[PDB]
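Observations on chain architecture
One-letter residues, chain by chain:
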Amino acid sequence: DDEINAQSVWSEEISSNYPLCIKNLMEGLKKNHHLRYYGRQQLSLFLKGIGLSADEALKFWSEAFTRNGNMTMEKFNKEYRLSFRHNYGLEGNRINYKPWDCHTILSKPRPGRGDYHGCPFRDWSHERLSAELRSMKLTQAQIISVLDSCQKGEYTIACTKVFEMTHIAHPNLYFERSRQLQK
Ligand code: SF4
């Protein structure tokens, strides 16, 4: 828990390693104090995959959902705690819950209004993507190349370009490669 814990996953140091999908999920969670089902699964299983323990995951999700008075702890415990425990096997289930790879993410239902799951290289408009990439210090020529990949449907290549420019396709591989480059 020394490096990956409920508090450090909100740090800039750790979150600088997140791919765009995880950044988007963390932003929706930070702003709305909630995520709908597919986003809860995408994010919680990514965080389990980077080493967030069961106890630290319950801290993370309970604090995020009850922040700013969004819901009481009693409501969290009655309506969400079991679902997060289930994703960690803590009620004894033996289902496979491995982190989702990019193909799995892309194959989930596309996000609608109020959804943060999916792949931003597909799901965002070029103008939203461009603004995000500018905030990550990419230049116009870089952005044009990333958008070219997006328009061709090559979302994982777009994401690989972003990795290269800011330093099997899998968000956890993006994280691990980026985090290794901090060490
Ligand atoms: S390509 Fe994969 S890791 Fe990158 S933003 Fe899309 S789903 Fe996430």
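Residues numbered from 1 in each chain as written, not as in the entry; some residues may be left out. Heavy atoms only, no water. Residues with missing side-chain atoms left out of burial classes, pairs and counts.

This entry, as listed in the PDB, derives from X-ray crystallography and reports a resolution of 1.3200 Å.

A look at the environment of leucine 82
The residue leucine 82 is located in helix α6 (residues 81-87) in this model. Looking at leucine 82, the relative accessible area reads 55%, which means it is exposed. The sequence separation of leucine 82 and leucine 58 amounts to 24 residues, and the corresponding C-alpha distance is 9.9 Å. (Helix = DSSP H or I, 4+ residues; strand = E, 2+ residues; numbered from the N terminus. Buried < 20%, exposed > 50% of the residue type's maximum accessible area, 1.4 Å probe, protein only.)

Observations regarding the packing of aromatic side chains
For any pair of aromatic rings, geometry is given as the distance between the ring centres together with the angle between the planes. Going through the model one piece at a time under the given rule, you end up with 14 aromatic pairs. An angle of 35° between the planes, with centres 6.0 Å apart, marks the rings of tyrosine 18 and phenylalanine 175 as tilted. The buried category is assigned to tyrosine 18, whose relative accessible area is 2%. Centroid distance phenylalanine 60 to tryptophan 61: 5.1 Å. Interplanar angle 90°. Geometry classified as edge-to-face. An aromatic cluster is built from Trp10, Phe60, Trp61, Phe65, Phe76, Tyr80 and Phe84, whose rings are joined through pairwise contacts. Positioned above the aromatic ring of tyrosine 88, the side-chain terminus of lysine 48 is 5.6 Å from the ring centre. In this structure, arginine 67 is placed above the aromatic ring of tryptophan 10, and the distance from its NZ or CZ to the ring centre is 4.9 Å. (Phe/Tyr/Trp six-rings, centres within 6.5 Å; stacked < 30°, edge-to-face > 60°. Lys NZ or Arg CZ within 6 Å of the ring centre and 35° of its normal.)

Thoughts on the site of the ligand
Around the ligand, the surrounding shell consists of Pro19, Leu20, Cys21, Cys102, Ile105, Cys119, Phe121, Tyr155, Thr156, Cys159 and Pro171. Among the elements of the structure, α2 (20-32), α7 (102-107) and α11 (155-166) are those that each provide at least two residues to the shell around the ligand. Its residues placed into classes, the shell around the ligand shows 10 nonpolar, one polar and no charged. (Near = heavy atom within 4 Å. Nonpolar A, V, L, I, M, F, W, Y, C, P; charged D, E, K, R; others polar.)

Some words on unusual backbone geometry
The phi dihedral of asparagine 68 falls on the positive side, at around 55°, and the residue is not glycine. By secondary structure assignment, the location of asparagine 68 is in the loop between α4 (54-66) and α5 (73-79). We classify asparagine 68 as exposed; its relative accessible area is 68%. Although it is not a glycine, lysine 137 adopts a positive phi angle of roughly 75°. Residue position: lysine 137 is located in the loop between α9 (126-135) and α10 (140-151). On the basis of relative accessibility, which here comes to 72%, the residue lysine 137 falls in the exposed class.

Thoughts on the packing of α11 against helix α12 (residues 171-181)
The geometry of α11 relative to α12 is characterised by a closest axis approach of 12 Å and an angle of 5° between their N-to-C directions. The orientation of α11 with respect to α12, classified from their angle, is roughly parallel. Contacts between α11 and α12 pair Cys159, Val162, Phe163 and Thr166 from the former with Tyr174, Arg177, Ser178 and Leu181 from the latter. (Axes fitted to C-alpha atoms, helices over the stretch in contact; angles between N-to-C directions. Parallel < 35°, antiparallel > 145°, perpendicular 65-115°, else oblique. Contact = heavy atoms within 4.5 Å.)

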